[PDB]
Amino acid sequence: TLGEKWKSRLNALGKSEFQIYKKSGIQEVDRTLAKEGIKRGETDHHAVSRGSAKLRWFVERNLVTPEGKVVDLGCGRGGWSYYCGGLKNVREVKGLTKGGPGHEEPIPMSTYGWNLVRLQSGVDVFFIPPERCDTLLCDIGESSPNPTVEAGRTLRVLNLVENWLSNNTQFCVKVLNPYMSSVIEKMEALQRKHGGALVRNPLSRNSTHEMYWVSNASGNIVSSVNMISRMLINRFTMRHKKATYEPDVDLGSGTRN
Ligand SMILES: Nc1nc2c(ncn2[C@@H]2O[C@H](COP(=O)(O)OP(=O)(O)OP(=O)(O)OC[C@H]3O[C@@H](n4cnc5c(N)ncnc54)[C@H](O)[C@@H]3O)[C@@H](O)[C@H]2O)c(=O)[nH]1
Ligand SMILES: Nc1ncnc2c1ncn2[C@@H]1O[C@H](CSCC[C@H](N)C(=O)O)[C@@H](O)[C@H]1O
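Within each chain the first residue of the written sequence is number 1 and the count goes on from 1 in that order, possibly differing from the entry; residues lacking coordinates are omitted. Labels follow written order: the first chain is A, the first ligand is 1, and so on. Hydrogens and waters are ignored; side-chain quantities use all the structure's heavy atoms. Residues with missing side-chain atoms are left out of burial classes, side-chain pairs and their counts.

Per the deposition metadata, X-ray crystallography was the technique used to determine this entry, at a resolution of 2.20 Å.

Looking at the PDB entry, the protein chain carries the name type II methyltransferase, with the source organism given as Dengue virus 2. As deposited in the PDB, this entry carries the title "Crystal Structure of Dengue Methyltransferase in Complex with GpppA and S-Adenosyl-L-Homocysteine".

Draft legend 1. How the structure looks around the overall build of the protein chain. Working definition: helices are DSSP H or I runs of at least four residues, strands are E runs of at least two. Numbering for both runs from the N terminus. A tally of regular secondary structure across the protein chain gives 8 helices and 9 strands. Counting only C-alpha atoms and orienting by the principal axes, one finds that the protein chain spans roughly 50 × 40 × 35 Å.

Draft legend 2. A look at the site of ligand 2. Inspection of the region around ligand 2 gives 16 residues, with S49, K98, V123, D124 and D139 positioned closest. Whenever two N or O atoms come within 3.5 Å, that pair is a polar contact, provided that in protein one can donate a hydrogen and the other can accept it, and provided that, for residues adjacent in sequence, both atoms are side-chain atoms. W80 places a polar main-chain atom, nitrogen or oxygen, 3.2 Å from an oxygen atom of ligand 2. Computed with a 1.4 Å probe, the accessible areas rest on the Shrake-Rupley method; for each residue, only the protein chains presented here act as cover. Within the complex, the protein chains bury 82% of what would otherwise be the 590 Å² of accessible surface of ligand 2. By the convention adopted, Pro, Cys, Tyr, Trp, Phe, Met, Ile, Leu, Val and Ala count as nonpolar, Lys, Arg, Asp and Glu as charged, and the other residues, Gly among them, as polar. Taken together, the residues of the shell around ligand 2 sort by class into 6 nonpolar, 7 polar and 3 charged. The criterion for a residue being near a molecule or strand is simple. One of its heavy atoms has to lie within 4 Å of it.

Draft legend 3. Up close: the pattern of salt bridges. Note on definitions: salt bridges are taken to be side-chain nitrogens of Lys or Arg within 4 Å of carboxyl oxygens of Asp or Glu. Applying the stated criterion to the full structure yields 16 salt bridges. Here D248 makes a salt bridge to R31, at a shortest N to O gap of 2.8 Å. Here the residue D248 occupies a position in the segment after β9 (244-247), and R31 occupies one in the loop between β1 (27-30) and α3 (32-40), the gap between them amounting to 217 residues. We note that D248, like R31, is buried. In this structure, the salt-bridge partner of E131 is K94, at a minimum N-O distance of 2.7 Å. With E131 in the loop between β4 (117-120) and β5 (135-138) and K94 in strand β3 (residues 90-96), this residue pair connects regions lying 37 residues apart in the sequence. Here the salt bridges share partners, and the residues they tie into one network are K23, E28 and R205. Burial classes follow relative accessibility: with a 1.4 Å probe on protein chains only, a residue under 20% of its type's maximum area counts as buried, one over 50% as exposed, and anything between as partly exposed.

In structure tokens form, the structure reads like this:
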């Protein structure tokens, strides 16, 4: 596959060359003031991570429409959860994450709809019984310099979320490594069963081939993955290039009824 060629070439990059490549021609969120505020103890207004902006991209394009009971698998600090908490048709958000030493803890916030949002750490999501939900979010996948390792990890995530999906559930699931043959095969089957397609978020860094399986989209799996491999290869050739920034999400404040 093209992605394997990309991955091989990425792994051959020198340290400085890699850091440069990672950010070339990508989108970034202006996070400085929000982070400074969070550290100050401020709980209104702020996204807890750059993950809120990342989910906003899919949502404002209608590729996923969170509504009702939202489950957020691998919530971390709660960026996706808090974001979803403020959305018109959302009634409940449950976010679950590892946390603990070495991993990001949920951050208590008072952004708009926070009372709708419950976050628990100390949770391995692979061992919890699926619950009924109207939207399933998952942002899980640990990168590896070996794409076969990433394939194994992606398949586990895919079989994970397959257990939480019913007939007309909204969804946005990170596909850590969408280009490996075993993952293509699984995604093809999952698309027959549940529709949606793989979409590339321009806030993703060049060092990752991640695409997101979103419910409200169409597209041949192979072609959509290949298009991104090509793009990522093309980006090796950019010289003295850097990210373009955008303002952060304002998540407001106060409770919802
Ligand atoms: N040529 C390079 N490639 C790198 C480097 N760091 C990461 N990568 C590649 O990007 C991929 C995404 O990296 P990400 O930004 O998600 O960082 P992670 O730490 O989660 O990736 P891991 O694969 O878990 O790597 C862990 C660490 O291992 C080191 N690493 C990983 N791959 C390399 C390579 N190839 N060469 C030198 N050093 C490497 C580097 O310090 C990483 O921080 C990764 O799988 C590698 O294929 C790097 O420093 N040089
Ligand atoms: N098996 C597992 N169970 C629960 N959490 C997991 C997990 N494997 C990885 N994770 C967690 O999932 C998180 C993904 S971080 C995702 C960012 C988040 N969407 C945001 O907006 O802030 C990581 O913090 C990691 O610790």
